[PDB]
Every structure is written in structure tokens, then in C-alpha cells.
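Student: One structure, pasted below without further comment.
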Ligand SMILES: [Zn+2]
Ligand SMILES: [Zn+2]
């Protein structure tokens, strides 16, 4: 553009939400910087008693 | 019938073809009542004081006039411009004169709540006060656009003959009477 | 959701719609048994007026149940939500 | 013909028929329950 | 949520442009608030568990 | 089959006892005595067929979704917005239109989407992100709507106020607002309703920018809740506390509404006795709001079934004459033309040379 861009036109906010909720609900994470792809991190809380 | 009032006319628009090509630079050179800019536009602007009108003449030989109150006054002014061109030396002639538009307006002496009208005539009504205060009504018979305001004033445009303006007027009379 | 289908010969809803209410959903306090419908949901088959196909929510189980409480709520995406609590 | 749900945490008849988004009459609550039936159901005291 | 988020944001406090020297975008502090719910009129209310 | 065992049944319906399947028909109480079993999928583990699409077209689509993710509204807003966009991308004029008109055209479809869900959203809030300007984007907005002729609601008055009122900072203490400025939101929003309802019936809403009405009402409602504490404030002094930038018409709306409320004030003798004016009328709106429906019908001169004129300001100024019959007329257009008038519009060669020298 002939004039400076504004970051508010792109400063978006669904990414953090999606990542956090998907990791906690699905129960498997891929920390590809750390290079670990573990699963079975979460369990539903057993309300038998 | 209406409430004793028939719309007035505000403007006239007409065109005429002079039957020959013209040198715009010469006309602007020798006309006291003309303005022209060759480097950006292809037509010369001129005006006369009676009938108080303006004319737009291209090098192609066609002419557009506005400012008239009636079709006869537009035709008279167009003949006046043709005479002006003739005295400038060109073989100007008054041919195929035609009226193209005129504007009408009226008032009903009582206020109108536009929200109801847009709520009942969605197919024709536009109500965007934040963009333009007036309500826009696209009327189909005759092919006329009516502009309506809360004061009860109504404006009519888009006709080729005056009977179209008055026809749209009495067509909208019962609707606004509701 | 549409209400119970009444038999003109009886002025009473058909057996599979016996438990329903006028709104098309089951009534707390009442007694449901196998393959009776609980909600009478319908979807658009057209995906000129839209046509609709039946696809109810039915109870399937061994013994009867009683209906403890029925909840109705909503998200902000306009999606309605029903929940029911059955007891034995 | 009108239907009568009761609101959560205020329990005032909420009287909704149309397909409007669910809402209380005064509360902010979005949750409602159905009222009991008027048909009688017999039980076996075993 | 009370001392670690702040360090992790601190560790990445500034992003740098591709050109135009002294152009930069800086985080200075970050907050986490209290629970609330979306509603269909970009308006909010607190909620219970 | 379709038939019953021997006769004219035709329908086909299921039946089964213990996880089988059969065929119910009806002319007798029969399954047609035949049935069939079912074979099913599952115990394993919305098209593709996605066209490449014009590169610029999908670039625009990306703007569509990057816009709707700002407001973070529920997803179906995004998808249906995309659908409307694709529908609009089927005409030569839009394709050849400059990219700025494209940057605005994404905005309008998202806007009409929210209008369908009666989701409150205003004009500039969109244009904020689009480098646009009032005329550019409004003119274009009209163009597509008339082109598509789709039905779309207006901004309904009460909807926008909820999100507008909730944006203020008056609801908690802060170093900018000590408690005397703090107020309960419920009371304020109620009061604003009781004022805006007056505004519309008194013709004030119609044909004006709507937001100035809200600002004026909120300012005065906030004052009137603690007038002894708040009479000393002003428009900007109040707004900058809430970091709100105010309408300049809000002054016009304010003068208008005070003019209205003093005319209500005179209707009651026990208000009349105080000789109310601009300064004092504010601290009694709590009194007037209880009886406003009586005040209006005691105040208007228009007592007809269908002393003060209950009319919009456009003629509260009163006509200089009440529109006598216009002089609709014709003339003789065929007369001769005076050549002297024509020659007056011509420059002499001396004047021609003067203009040549000047040029
Ligand atoms: Zn409630
Ligand atoms: Zn048979």
C-alpha cells in the first residue's frame, strides 16, 4: 500500500482459544518444538461415588 | 381527488443535436457566457439568464440543457443556444429536440412516519437515516422515483412527461393517506 | 418439532406418540416404554416451500422408565438444546 | 394453546410460544424446565 | 496463571519489522480476568460452574 | 410386495422385535408377511471437490473470514458470509471494480449477515477496519443491495443500546472515577429506555443519526441519578472519563430534549411552582418519568383522535406561508428570439485579443 498498514486489521484471537480447548478436551498434545507427541493426558472425572 | 394541490416542477433536462461538428476552442474564445477546459473535458459549458438555464455542448454536436422549469422554456433556451452557436459562425441547426427529465415536488400539510411505510412497502422503500434522512420509494407505475420526508414533503423524479409526475402523485396519494 | 398425530377415529394420539405434549416433547411425570418417541424432531430434506422428513428421538431399552425432569435451553448460535432425565 | 415453562432460579411462568431465543421475563437466565403433566399415573406399593 | 504467564510473555516482549528501522510492536503487561460468557450482542455476564 | 400377501396395500414401513428388521404395510394389520434384514456400516475409523478458484477471489475470501474473526461471532456467520460473497462474485461490474470497492464489499455482506440475526452493529464499526470513508462505502453499499434486492431489517432502536451502554466504565470504581461517578447499570439502562421511548414518539428519532440520541440520554440519566453530585459536569468532561468520544449533534439533542422536558414540567402545578429552567429541571426527571404518559397528553395541542405542537422540528419552525397552490403553468415557447441578447453573449475581437493576451 501507499500508506502504512495497521495491525488491528489482522491481530486475531481465535488461535489461542482453539489450541487451548482442543488440547484439554482431546487429551493429546504435539509440542513440536519440544518434539513430543504424548497422549492420554486427560480423563473424565469418575462420578461413581 | 387530491387535497387541492398538484405537484410543482423544479427542474427540466433536455437534449438537442445541432447537426454539425464544432470547434470548442473558438467558441470558448468568443463567448462571453461560456466556460471550457480542453485539457480535461470534451464539452463547453454555457449559460443564459432567461430562461435561466445552462447548456453542455460537445465537439460531437450533441447538447444537454438543464435549469428549465418547463419543457417550453427548455425548448426556447435550446433554440437560444442554437442561435448563439449560429452567430459564432458554425452551421448550427435546431434538430431532434427532446426533453429527457424533470423534477417535481409537493407537500401534504401533515407529518408522515417513515418507519411504518418501510415496514409495509419493503419492496419499494429504503430507510437508512444514518446514510440519507429521506426515504426512497422506487415506484413502478409510472417508472418514477419518489423521495419522502417526515414533514410530508414529497419529491418526484424520472419522468419524460409531466403526466407521469402527476400520475405517480395520485398513485401515492392513497398509500400515504393510509 | 411438530405435535402428536391424532387419530380422527379416536381424537387421541397414536400409541407411539402417546407420551408427547402439544409442543412435541415428553411430559414430566409420565411413563415411557420401549420404542416410543421422546422428541419429534424433523429436518429439511431440501437442505418451492421446504419439505420435511421425519427423524424422531426414540427411547430404546429393556424396562420402562419414568421421566424426572425436562430441560430446555439455548446457545448463542441459535441452536436449541433439550435434556431429559429418566429414572428406574 | 400457549405453553408454560418455568424459569430457573426464579420460577415465574415464562410463557413462550414463538421461535424466539430462549429468555426469562426478568432474569438473565437462559434455562427453563417443563411443568408436570395433569394426567394421573398409578403405582404399585410393593 | 499468576507468575509464569508473565515471565513467558516477558521472554518474547518485542517483535521486529522486515524494514523501516525503529518500527516495532511491544507487549508490556498481560492480564487474565475472571470467568464470563459470550452472548449474541457482544455483551457479557459472569457464570457459575 | 408393496401389495399385502395378496391385495392392494402399497406402503412400506419397518417393524422388528429383537434386533431384526421387517416391512410394515397397511391394508390389513400385516407386515406383508415378508420383511427383509438390514446390512450396516460402522466399527471403522460436506464435499471435497474444491475448485481452485481465482487467486484474487480466494484472497478476498480470506479477508471475509479475517473480518468475522475480529468480532469472534459464532461460526455460522463466517460460512454464510462466504456464501453471500460468492453470490456477489458473479457479475462483470464487481469483477472489474477496483480493489477498494472489493475491500468494502466484504464488509457489507458481513453487516447484512448480522442484521439477519438482528445482531446489533453500526456503520463505522465496520468501516474502522477497511480504510473506507462514509461516501465510498455507503454509495457502494446501496449499489449491491439494489443489485441483489434482498430483504434486510433496519437497526432496531433498543438493540444497539445494550452493547453501547455496557461499554461505559461507570460500573466500577477506578482512579479516574471515584464512587460519586460510579452508578448501577440497571437503573441507567432503564432510565434511557424511558427517555428513548419519548424520543421516538416525539418525532426526534426519525431521520437522524441514531447514536447521538443514546449519548444525550445516557449523559442526562447518569446526571439525574445523583444530580447533587453530577450537575457540575459537562458533555466532554463526562465522556472522557468513560474514554468516549461524543457527537457534536448531542448538543442539539440535549437542547431539544430539555426544551421538551420543561414543557412537560409546566403541566404539573407542584412542578410548576418551582419555576423550573435549564439548571433545575434535571433533578426532577425521576418525578416526571412516573407520569410522562399523562404529561404528553396534557401538553400536546394535537388532541385529535388521529397547547404545544406535537410535531417534528422540521415545521415546528412553522412555514412562512402554508404552501399555497403552486403556479403550475405553461408559456408560449415558439416566439421569435431577440438577437440583441445573443450578441451580448459574444466577445468583440478586441475582447478576444484581450483574452488572448491574458492567456
Ligand atoms: Zn426468571
Ligand atoms: Zn390381503
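Student: Shielding of F:325-335 by partners, i.e. mean partner chain Cβ atoms within 10 Å per residue?
Tutor: Mean partner-chain Cβ count within 10 Å for F:325-335: 5.
Student: Report Rg(Cα)/(2.2 N^0.38 Å) for the protein assembly as shown, keeping two decimals.
Tutor: Rg over 2.2 N^0.38 Å, computed on Cα atoms: 1.33.
Student: Percent of alpha carbon pairs in chain F separated by more than 37 Å?
Tutor: The answer is 56 percent, as a whole percent.
Student: Which whole number gives the average, over all residues in B:147-153, of C-beta atoms from other chains lying within 10 Å of the residue C-beta?
Tutor: The per-residue average across the peptide is 4.
Student: Per q in 0.10, 0.20 1/Å, what log10 I(q)/I(0) does a Debye calculation on the alpha-carbon atoms of chain C return?
Tutor: Debye curve over Cα of chain C, log10 I(q)/I(0) at q = 0.10, 0.20 Å⁻¹: -0.30, -1.03.
Student: Rounded to the nearest 500, what is chain F's calculated 222 nm mean residue ellipticity when only DSSP H runs of at least 4 contribute -39500 (n - 2.57) each, over all residues?
Tutor: Mean residue ellipticity, 222 nm, calculated: -14500 deg cm²/dmol.
Student: Sort D:13-26, B:23-36 by the packing proxy (mean of other Cβ within 10 Å over each peptide's residues), most packed first.
Tutor: B:23-36, D:13-26
Student: Could you tell me the distance between the Cα centroids of chain A and segment F:86-119, to the nearest Å?
Tutor: Taking the Cα centre of each part, chain A and segment F:86-119 sit 32 Å apart.
Student: Shielding by partners for F:71-78, please: the mean number of other protein chain Cβ atoms within 10 Å of each residue's Cβ.
Tutor: Numbers: counts 1, 6, 5, 7, 2, 3, 1, 0.
Neighbouring Cβ atoms belonging to other protein chains average 3 per residue here.
Student: Highest mean first, what order results for C:24-31, B:152-159, F:329-336 on Cβ atoms within 10 Å?
Tutor: Descending mean neighbour count gives B:152-159, C:24-31, F:329-336.
Student: With angles folded into 0 to 90 degrees, how steeply does helix A:14-26 sit against the dominant principal axis of chain A? Use alpha carbons for both and round to 10.
Tutor: 10
Student: Another question, then. What's the exposure ranking of E:47, F:70, going from fewest to most Cβ atoms within 10 Å?
Tutor: E:47, F:70
Student: By what distance, in whole Å, do the Cα atoms of segment F:124-217 stretch along each of the three principal axes, largest value first?
Tutor: So the three principal-axis extents are 53, 35, 19 Å.
Student: Going by the alpha-carbon gyration tensor, a ≥ b ≥ c the square roots of its eigenvalues, is segment F:221-350 rounded (a/c under 1.5) or, if a/c is not under 1.5, prolate (a/b greater than b/c) versus oblate?
Tutor: The shape class here is oblate.
Student: When ranked by the protection proxy of mean other Cβ atoms within 10 Å per residue, highest first, what sequence do the peptides A:30-41, F:85-96 form?
Tutor: By packing density, highest mean first, the sequence is F:85-96, A:30-41.
Student: Same structure, new question: Looking at segment D:3-46, I'd like the Rg to Rh ratio, where Rg is from alpha-carbon atoms and Rh is Kirkwood's inverse mean 1/r.
Tutor: Result for segment D:3-46 is an Rg/Rh of 1.18.
Student: In degrees from 0 to 90, rounded to the nearest 10, what is the angle of the helix B:162-177 Cα long axis to the longest principal axis of chain B?
Tutor: So the inclination is approximately 20 degrees.
Student: Kindly express, to the nearest 10 degrees and within the range 0 to 90, the angle between helix B:71-87's C-alpha long axis and the longest C-alpha principal axis of chain B.
Tutor: For B:71-87 against chain B, the angle is about 20 degrees.
Student: Roughly how many whole Å is it from the C-alpha centroid of segment C:1-73 to that of segment B:16-77?
Tutor: The distance from the Cα centre of segment C:1-73 to that of segment B:16-77 comes to 79 Å.
A quick note on method: Cβ atoms are made from the backbone with ideal geometry, for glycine too, and the neighbour counts reach across all protein chains shown. Each reported figure results from applying straightforward, stated rules to the coordinates on display, with no laboratory input.
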